[PDB]
Each structure stands twice: as structure tokens, then as C-alpha cells.
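Remarks on the structure that follows.
Please note: Cβ atoms are built from the backbone with ideal geometry, for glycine as well, and neighbour counts cover all protein chains shown. Here, each number is a calculation from the coordinates, and none is a lab measurement.
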Amino acid sequence: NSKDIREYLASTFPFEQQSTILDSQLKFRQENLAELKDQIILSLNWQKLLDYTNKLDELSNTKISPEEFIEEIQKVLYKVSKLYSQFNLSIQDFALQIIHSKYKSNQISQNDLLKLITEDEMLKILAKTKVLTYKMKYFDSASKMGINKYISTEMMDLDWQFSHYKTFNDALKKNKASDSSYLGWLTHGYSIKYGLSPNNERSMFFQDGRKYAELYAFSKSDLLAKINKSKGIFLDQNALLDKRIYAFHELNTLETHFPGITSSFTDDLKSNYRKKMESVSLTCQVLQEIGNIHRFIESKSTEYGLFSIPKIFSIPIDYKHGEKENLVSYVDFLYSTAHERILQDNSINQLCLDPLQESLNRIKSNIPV
């Protein structure tokens, strides 16, 4: 029974701002912008960054015409050292969070949102900003916990800091699902480009305009040869982990955004391909949720990346009564759900049971500490 954990997650920050596998903001954002503005002023090229921050502050609290908001946000998004690039990326993510809140606060209609987000230049910004912001905020955390190989482009928008991306993707899907599929294709290509999915060989499906065209042409019907080669590597129990996981992420994106492209009825029946794909996908989802718990425990400065939690809204240092117990119920229910649902076999354990066991060993040793 999970009534106590379900209630705790529905009331406690940041678990309240996201969903969980167990189920199956304006003032917060205004303060983050102020902290970013504070840093820009201290750093003062840099002058333009301060104009953008002031512009984002002006757009978020002053109520204008849906039409006026569209042209102003577009100008910032289209105009936009390591510190400079990080701040520039932070501005881009804030501009997208502001479009999201305008849509949620009914300041812009479904049509005004789509006028913005169905543009090719906006879709590339949605794809690139999500990938880079996730990398900036969680890549070092994921690397220390040894879960970085399991970062999945398809799971990113399930995280509490990436909620605005899910709203954009659902709006695109409902309007014209092929735009959401093109966005998915763009996003994974950027995961490959910016070191989230490392492979020695160039992608057979992403980061090439001609490859989106081949995928589109086939979906409106040697591409089968490329898919079979990727399926072969994923199913190969003797292939290097890095190769198998890269093949898993490419196939996962292919299946999520071009449903049916990776299916082969007779072959899949023999290899147990669907169940294996489902198990690895479940492993990535659980590992992301474990990472979020780890960063939370370590907060009791932010553990959630650059301009994530302002000082005023920081996670309380001590546990509220029953919190330690709720967190262990959450950790235990995640691994009990994972272990009941995953396929346990020598041909797949390397990608599911093994990483799950190692993460469980890591979190449970650090639990009393």
C-alpha cells in the first residue's frame, strides 16, 4: 500500500511538479530570473544578456496582446566563454518557460502557441535547448551516480524542470503528429551531437536532413538494412555495453516517433525484441527517477543545476515527520516495480538488471550516510 507515498509526492517539492511510474511556478520563475540578472550585473556582449533578462522579466509580468508577446519572445529566442554560453542557454530555457506559462495562464491561445512552435527555427530551438539544458543541469550528477548511459531523450521531459517541453510536444501532437515526430528526430540528433549518446560511427538515422526524408518517405509508404543492423547490435549479448545502449536509444526514438518502423513480426517473436525494448526503457525511466531522489537527499546551494531553485524556495534542510520513511517507500516501490516488470535473461540483464542492481547498491549504501 502506497497511500502515504502517493500523498507525500502530491504535496512535496519537486515531486509535486512531475509524475511517477508508481501512478501507472510564475513566482518561482520570477525569482530564478532575478538571480540570473544578479549574476549578469556582477559579470559586467554581456550587455545584451542583461537586455534579454530585463526583456524576459518585462514579458512575464506585464500583460500585453497575444500578438505582441509572439513577436517579442521570437526576437529574444532568434537573437539569443563557458559562463557566457551557460547564461545564454539559461536565457533560452527561460524564454521557453515563459511561453509555457503564458499558454497555461490562458494569456495565449492554442493557435497563438502553434504559430510560434510549428516554425522550423522554433522546433530546432525546442530540440537543442531541451538537450543542452538537461546536459548542463544533470550530466555531472548522472555521471557521478553511473546512470549517464541511460539518459534517454524520450524521458527528459518527464523531469520536473522540463515540464514546459512536454506541453509543447503534446500541443504539436494534437495539431499535426508529424511535427512532433520531426521534433523527436531533431532532439535525438542533438543528443548524439552534444555528447549524450556517444558512438565512434556516425548515425545511420539522425543529424542529416536526407535521413529525416528517407524516414518520412518510408512512413508514407536499405533503410530496413540499417534498422536490422541496429536491432542486431541491441540484441547482441556479446556486444560492448556502449554499442548496445547507443543502438537502444536510436531504436527507442525511431519507435516513439515513427511507430512500426522497427517492427518485424516473425523475427521479433523469436528474439523477444518488444519485451527487451520495454525492459531497457523501464530501466532508463527508473534510473532518472532514482537520480532525482539522490539530488533531493543531497539537498538535506542547489543540486539541480544552474538557476534551478532560488534561495527563497530552496528545499528545507531537515526531514518533515515521516519524510525519511516516505522516501524509502518510494525507492523500494521503484525497484520492486522494476524487478516485477523487467525481462530477466542473460541476453538482456547487462542493459536492465545489472545497472538497476548497481544503482540500488549505490542509493542504499548512501541512505544511512
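Residues of segment 172-183 being crowded, with 19+ Cβ neighbours inside 10 Å and either in contact with a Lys or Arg (Cβ under 6 Å, 6 or more places away or on another chain) or within 18 Å of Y103 (Cα to Cα) (or both), which ones?
Matches in segment 172-183: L172, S180.
Taking into account only those residues within segment 218-227 that are more than 27 Å from the chain's Cα centre (by Cα) and not charged (D, E, K, R), which is nearest to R274 (Cα to Cα)?
Quick first cut of segment 218-227, residues more than 27 Å from the chain's Cα centre (by Cα) only: 218, 220-225.
Imposing the further condition that a residue be not charged (D, E, K, R) reduces the set to 218, 221, 223-225.
On the way: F218: 21, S221: 23, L223: 20, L224: 17, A225: 19 Å.
Ranking the qualifying residues of segment 218-227, first place goes to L224.
If I filter segment 340-352 for residues that are in a helix (DSSP H, G or I), surrounded by 18 or more Cβ atoms within 10 Å (Cβ to Cβ), of a type outside the set (S, T, N, Q) and within 22 Å of the chain's Cα centre (by Cα), do I get at least one hit? Steps first, please.
As a first pass, look at segment 340-352 and keep what is in a helix (DSSP H, G or I): 340-341.
Next cut, surrounded by 18 or more Cβ atoms within 10 Å (Cβ to Cβ) only: none.
No, the conditions are met nowhere in segment 340-352.
Taking segment 98-139, which residues are under 15 Å from the mean Cα position of the chain (by Cα) and among the charged types (D, E, K, R)?
Residues of segment 98-139 under 15 Å from the mean Cα position of the chain (by Cα): 125-139.
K128, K130, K135, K137, listed by residue number.
Give me the pairs: first residue in segment 189-202 and charged (D, E, K, R), second residue part of a loop (DSSP other than H, G, I, E, B) and buried (at least 22 other Cβ atoms within 10 Å of the Cβ), beta-carbon distance under 9 Å, and six or more apart or on different chains, which are they?
Listed by first residue and then by second, the contacts come to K193/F206.
Working only within segment 105-120, note down all residues that are touching a helix residue (DSSP H, G or I) at 6+ places or on another chain (Cβ under 7 Å), assigned to a helix (DSSP H, G or I) and over 18 Å from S65 (Cβ atoms).
Result: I117, single match.
Within segment 165-177, does at least one residue satisfy the condition of being assigned to a helix (DSSP H, G or I) and closer than 21 Å to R362 by Cα?
First, pick out the residues of segment 165-177 that are assigned to a helix (DSSP H, G or I): 165-177.
Going one step further and asking which of them are closer than 21 Å to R362 by Cα, we end up with none.
No, segment 165-177 contains no residue that is assigned to a helix (DSSP H, G or I) and closer than 21 Å to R362 by Cα.
Output yes when any residue across segment 244-267 is within 20 Å of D345 (Cα to Cα) and more than 23 Å from the chain's Cα centre (by Cα), and no when none is.
Yes, the conditions are met somewhere in segment 244-267.
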